[PDB]
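> Structure provided below as structure tokens; questions to follow.
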Amino acid sequence: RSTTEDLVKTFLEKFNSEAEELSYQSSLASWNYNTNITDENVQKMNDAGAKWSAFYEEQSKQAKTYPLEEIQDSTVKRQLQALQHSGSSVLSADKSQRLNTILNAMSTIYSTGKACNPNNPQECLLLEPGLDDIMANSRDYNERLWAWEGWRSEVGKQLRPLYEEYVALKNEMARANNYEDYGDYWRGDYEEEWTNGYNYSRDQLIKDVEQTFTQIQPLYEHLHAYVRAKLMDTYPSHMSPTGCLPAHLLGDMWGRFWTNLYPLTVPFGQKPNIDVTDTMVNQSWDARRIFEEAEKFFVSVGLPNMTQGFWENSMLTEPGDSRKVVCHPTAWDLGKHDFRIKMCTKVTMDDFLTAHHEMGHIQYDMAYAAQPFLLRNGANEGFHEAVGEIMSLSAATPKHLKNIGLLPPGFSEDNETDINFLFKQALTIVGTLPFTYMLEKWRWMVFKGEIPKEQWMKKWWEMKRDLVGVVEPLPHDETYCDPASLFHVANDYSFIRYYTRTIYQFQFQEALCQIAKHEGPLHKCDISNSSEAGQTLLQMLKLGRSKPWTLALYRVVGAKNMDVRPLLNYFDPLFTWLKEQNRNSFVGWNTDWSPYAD
Amino acid sequence: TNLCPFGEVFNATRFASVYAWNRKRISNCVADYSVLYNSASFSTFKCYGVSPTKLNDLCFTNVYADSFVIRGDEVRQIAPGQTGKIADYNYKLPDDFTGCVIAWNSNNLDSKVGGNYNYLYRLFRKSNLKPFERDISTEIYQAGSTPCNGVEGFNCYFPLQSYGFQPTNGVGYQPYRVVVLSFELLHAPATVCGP
Ligand SMILES: *[C@@H]1O[C@H](CO)[C@@H](O)[C@H](O)[C@H]1NC(C)=O
Ligand SMILES: [Zn+2]
């Protein structure tokens, strides 16, 4: 009579027609709230959001009535499998409401936690902007200490009892979905099981993330050693030339990024980095021109122009009206080919660079807009930010800034400026890879049951010393949940995307620059005015989720799996500089030493 | 003096849905096409079979104007040999099509803030439409072998879906008033020829 492949296709057509309208209303309502913060808009967003959320769960329940194995079309199966993801629905009504109570309790604790200064009693500060300012700008050992310890004593201890129940429920939810644990559930974002020759496994993610981590260690060892040697000048005591790096002394509260250690550890402090902010204001640049020049960047490489609705509807600058807007830079794919960007665009170099980043998201959204509704995403959770990140790589290079007249025609690039630029990139890119790897390795084993609840903080601080070279300033006695102090752990967010995206980022850039016939160091590459590079990237962008990420990655970089040699090639001039600067320094760390040992 | 009511067709205050498109027989009048091809308001004037030139030497018994509103992305489907929801389920042009397809964005007219759902398109049908065939049937569509008994359940879908038309949608998902001029000739005396 009729195959089950036809029934799901008809079901998807009915779903797509109503998903498009209901999601757009949810997206439009969320856009109105984000561009106009009023109490009425919150109710309108929630009612529109709940209606779409209720509709999706109803369709997901109906989607599970179709056998997934009885499908031969790859495109159809990817849509149904995405729709058949039951999630927390498989839990009992008693546990499902308990889980959401736990998740909301942790988010409220994280967003309302306040660490208090021991010296000044009524000096309790929230993480943002209170504790973030202390952990990003202060150079006092004690000031960074109480802020670091206060955030984990006050907030981490309030999340430890919740996280233990969180782990048990999320594992029960995952085991109901026929997953080994909740960590295995998260690794399913990278799993590909139906495209022969490009299949990827959830277990294979661990074996591939570990392989890339063993290759970045020598680069990280010298970066760790050079930072440690420079930090010895700032912190003569409380540090060891052969030991680890104290956790509070890093760039931020958790040590996720070392970007805030650039002033303390800059290679050549007398020669400043390239800053075109002054020239832009002297050339009469406004927010319109920043996005116009950003648009010219994508036109040069062959990507399509911004739509007319983009200019009419986007909030490219903070309104002069009294309406309140939270303007964290975001690119919006509302639906119905409605692409918008909301940003408090100032005339600065950073806003110029993130304009290319956010428009890189929009260019990705425009490319897979022809994909079905359920296949309009990046190839995996790390592809969408990788595409945006490589747009800022080309825009920030002096070669690009000279073409658009932001640098003098006779401007000469210095060798001590490339070192300063590469070092500032290693603080953000390379300084985060051990941190991201360690955190997801910890949660994967905690979910797997390899770390008993009496050893959560015992193995957290023995892996933070062995893999990251980072040692706790103060001991913890299992009544803490230090990982839960991070946003992505308390708020149920997978963290491995920040690792794979970094690998994908420079993998894309290395391949695009070779197509662009770039000669010289990779960090000097600019893919501008190279239609060949832009079209090759556009091939993967148009795929969306129609193809597995292993197939999408191969179409740009020519490699099916993650490769970190492109990342090592990007920092090779710095790595050569680092190894020469570490001739008279000890490279590596010993786990035995701790700041509190003596 | 006696001009054809093309204004009443193109400047009609409201167009019909694509599944229930309105057909008008323009005859017993003199048609002025100068304001059509020389006007920049029309984003699409793809004419098939005949061209605007060499037009005064042809006699057609009657003129049929099929007016309906569809999405911008579906304007490409109003053409012979096209495939899609509109081509197969809502409005099918014959392969031997002799006429001009006129489309123009009507975002200002046919789109409202919050959505304009007065335009419906047949999302599901048991078979593809014949050329120029109009189907206004509104019975529950059966996907599987389970009977629906007049109520939509599982594998039971209402065949008509409503266009969501907001002014902020992308140009692809925007209302486009399409007027299809069909010229028919028969053994009639063909009183209306055009000097
Ligand atoms: C519709 O109205 C406009 C202006 O009112 C006019 O220019 C146009 O010719 C009219 N359409 C027809 C088919 O006459
Ligand atoms: Zn981003």
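Ordering of the structure tokens sets the chain letters (A, B, ...), residue numbers begin anew at 1 in every chain, and ligands are numbered from 1 in the order given.
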Just want the residues within 7 Å of ligand 1, written as a PyMOL selection string, counting only C-alpha atoms and all ligand atoms.

chain B and resi 6-7+9-11+35-36

> Within 9 Å of ligand 2, counting only C-alpha atoms and all ligand atoms: which residues, as a ChimeraX atom specification?

/A:329-331,354,357-358,360-361,384-389

> Residues of chain B in helix (DSSP H, G or I) according to DSSP, as a ChimeraX atom specification?

/B:6-10,34-37,75-77,85-90,107-110,171-173

> List every residue of segment 51-151 of chain B that DSSP, applied to the backbone, labels as strand (DSSP E or B), and write the result as a list in words.

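Filtering segment 51-151 of chain B to strand (DSSP E or B) leaves residues 62, 63, 64, 65, 66, 67, 68, 69, 70, 71, 99, 100, 101, 102, 103, 104, 105, 120, 121, 122, 141 and 142 of chain B.
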
> Give the residues of chain B that lie within 8 Å of chain A; count only C-alpha atoms, and format the answer as a compact mmCIF listing (two decimals) with N, CA, C and O atoms, in the first residue's frame.


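Okay, result.txt is ready:
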# COMPACT_ATOMS: atom_id res chain seq x y z
N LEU B 123 -1.96 21.82 0.89
CA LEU B 123 -0.69 21.19 1.24
C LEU B 123 -0.64 19.73 0.81
O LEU B 123 0.44 19.25 0.42
N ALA B 143 -3.03 9.74 4.86
CA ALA B 143 -1.69 9.35 4.47
C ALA B 143 -1.54 7.84 4.47
O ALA B 143 -1.11 7.25 3.46
N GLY B 144 -1.89 7.19 5.57
CA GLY B 144 -1.81 5.75 5.69
C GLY B 144 -3.11 5.07 5.33
O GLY B 144 -3.97 5.63 4.64
N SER B 145 -3.25 3.83 5.80
CA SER B 145 -4.45 3.04 5.56
C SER B 145 -5.49 3.19 6.66
O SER B 145 -6.59 2.65 6.53
N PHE B 154 -3.74 10.89 13.62
CA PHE B 154 -2.42 10.48 13.16
C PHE B 154 -2.53 9.95 11.74
O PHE B 154 -3.44 9.17 11.43
N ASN B 155 -1.62 10.40 10.87
CA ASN B 155 -1.68 10.15 9.43
C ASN B 155 -2.94 10.72 8.80
O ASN B 155 -3.32 10.32 7.69
N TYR B 157 -4.42 14.46 7.93
CA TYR B 157 -4.04 15.87 7.87
C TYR B 157 -5.08 16.66 7.09
O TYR B 157 -5.60 16.19 6.07
N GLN B 161 -3.38 24.39 4.07
CA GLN B 161 -2.51 25.11 4.99
C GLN B 161 -2.53 26.59 4.62
O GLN B 161 -2.63 26.96 3.45
N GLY B 164 1.49 32.14 6.09
CA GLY B 164 1.83 33.17 7.06
C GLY B 164 2.58 34.28 6.36
O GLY B 164 3.69 34.07 5.86
N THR B 168 7.88 41.47 7.49
CA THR B 168 9.29 41.32 7.81
C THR B 168 9.90 40.03 7.26
O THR B 168 11.09 39.79 7.47
N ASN B 169 9.12 39.20 6.57
CA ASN B 169 9.67 37.98 6.02
C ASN B 169 10.64 38.29 4.89
O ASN B 169 10.62 39.36 4.29
N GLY B 170 11.50 37.32 4.59
CA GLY B 170 12.39 37.45 3.47
C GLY B 170 11.65 37.44 2.15
O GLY B 170 10.53 36.96 2.05
N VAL B 171 12.30 37.99 1.12
CA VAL B 171 11.63 38.20 -0.16
C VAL B 171 11.13 36.89 -0.74
O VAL B 171 10.18 36.87 -1.53
N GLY B 172 11.76 35.77 -0.38
CA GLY B 172 11.26 34.48 -0.81
C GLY B 172 9.93 34.13 -0.17
O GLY B 172 9.02 33.63 -0.83
N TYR B 173 9.80 34.39 1.13
CA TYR B 173 8.58 34.08 1.87
C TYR B 173 7.69 35.32 1.99
O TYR B 173 7.23 35.69 3.07

> Find the spatial neighbours of residue 508 of chain A, counting only C-alpha atoms, within a cut-off of 9 Å - ignore same-chain residues fewer than 6 positions away - and output them as a list in words.

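Listing them by chain and then by number gives residues 386, 387, 390, 537, 553, 556, 557 and 566 of chain A.
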